[PDB]
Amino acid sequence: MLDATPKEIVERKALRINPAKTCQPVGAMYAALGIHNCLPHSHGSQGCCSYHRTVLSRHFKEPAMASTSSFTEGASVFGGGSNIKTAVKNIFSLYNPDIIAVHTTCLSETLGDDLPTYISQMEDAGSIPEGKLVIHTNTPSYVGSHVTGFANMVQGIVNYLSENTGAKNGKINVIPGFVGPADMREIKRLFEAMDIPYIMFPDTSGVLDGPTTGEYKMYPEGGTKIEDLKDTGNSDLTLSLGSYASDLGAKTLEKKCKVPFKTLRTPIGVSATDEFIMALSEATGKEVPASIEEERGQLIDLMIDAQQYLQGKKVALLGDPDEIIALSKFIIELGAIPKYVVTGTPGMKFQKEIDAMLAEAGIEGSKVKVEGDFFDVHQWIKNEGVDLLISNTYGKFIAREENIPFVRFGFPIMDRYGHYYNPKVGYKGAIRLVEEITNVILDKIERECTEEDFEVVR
């Protein structure tokens, strides 16, 4: 498998192979699905919308609705303004969302389409019904990644909606970053356990992890409500979880509405979850309840009980930056070694944060790469093997070819069922991770050992 990948490495400066990222717009689509009664809209040629909808369905085994401007070759000449105006008329008439959240594609960005102008023209022409909203962000696919697209859509939501009206709400805003609906639910459960009122946005819980009730609902029950999105300008503080996904929105909200913010790691593992709980306690004066303390103590109990199978284990990780930073720290906290650590998403922060934690733990000889891909990681593994691979679904080819215990993590996971109900964040999520890691490690040991070395107890 992957027979064409050589052990001997030659420098690739141009040919990208098996990428560890995708483009902006799906990130913006995912963020928009975290608004209640929102129809995401793709302003470009319709191939984009189809593909972006499709990956969301493959990951969540759920519907993922979105509309498109359906550019033709004529837009390449007269721009996409007439297309989007026509789309809005059809959207509100056929599908009646409360809000259309527009993002762009490499096509409309290359063309220099002017969405603020088109949007004000529709407002003037009366195509946006009373009570309805149209918002936008710009999501050039040749910049950044899907994580950047999420970040941009969050900034769009604050640019159009957040307002400081003077009426304080007593709440803390939380922008959870480019995490799944189960993660969103676990973050909300922690706020609720601390007794801390909040507004989370975006929030895809109850949108992309919902029930089958026998009736299809185009706009599912979940999503942050428009009125709460407006009310984010009246909050005391914004917690931005994961700098890549969430800081741009948090900073924009600070400039627009004077709401201060605090940036925190995605809460994966012990120290990152600890920092999130502490920030909640410090910002509100609220004590940490016994239930949360008990969960942390169960994690610690588990980390110690299972320690022998984790100490010194070499791990290859690939994924999105906020999640791989936090997960790499957790790997270190488990006693294991982040050996190869890669993101497809550009940016200095990943390099600095990973290098720093590795040096703090005394770990030498790891390879860390920004804008690396799955072909890089495979070549590195061929030169020096690892004990564990953690990545999205595309890691499975490496896992089989090299016989490496494999944990699916991040986006997209398209080949297992129910993962979107399992948190990876918090003490609870950390427990699930340690169970998965130890399970795949022990499964391999027990499949491959000689019969005389087979064991009842482990």
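Throughout, rigid core stands for the largest set of C-alpha atoms superposing within 1.5 Å between the two forms. All residue numbers are counted from 1 along the displayed sequence.
- Comparing 180-188 with 75-83 by root mean square Cα distance to the shown form in 4 other deposited structures of this protein, with the rigid core used for the fit, gives 75-83 as the more displaced stretch.
- The question of which stretch, 364-372 or 316-324, has the higher mean Cα B factor is settled in favour of 364-372.
- A summary of the deposited B-factors shows that, of 117-125 and 102-110, the stretch with the larger mean C-alpha value is 117-125.
- For the set 209, 282, 305, 186, the PDB entry puts the maximum C-alpha B factor at 282.
- Within the selection 380, 309, 150, 92, the deposited Cα B-factor values reach their highest point at 92.
- Residue 447: CA B factor in the middle third of modelled residues in this chain (values from the PDB entry).
- In this PDB entry, the Cα temperature factor of residue 197 sits in the top third of its chain's modelled residues, the highest group.
- When the modelled residues of the chain are ordered by C-alpha B-factor, residue 241 sits in the middle third.
- In the deposited entry, the Cα temperature factor of residue 274 sits in the middle third of values across the chain's modelled residues.
- In the deposited entry, the Cα temperature factor of residue 347 places it in the middle third of its chain's modelled residues.
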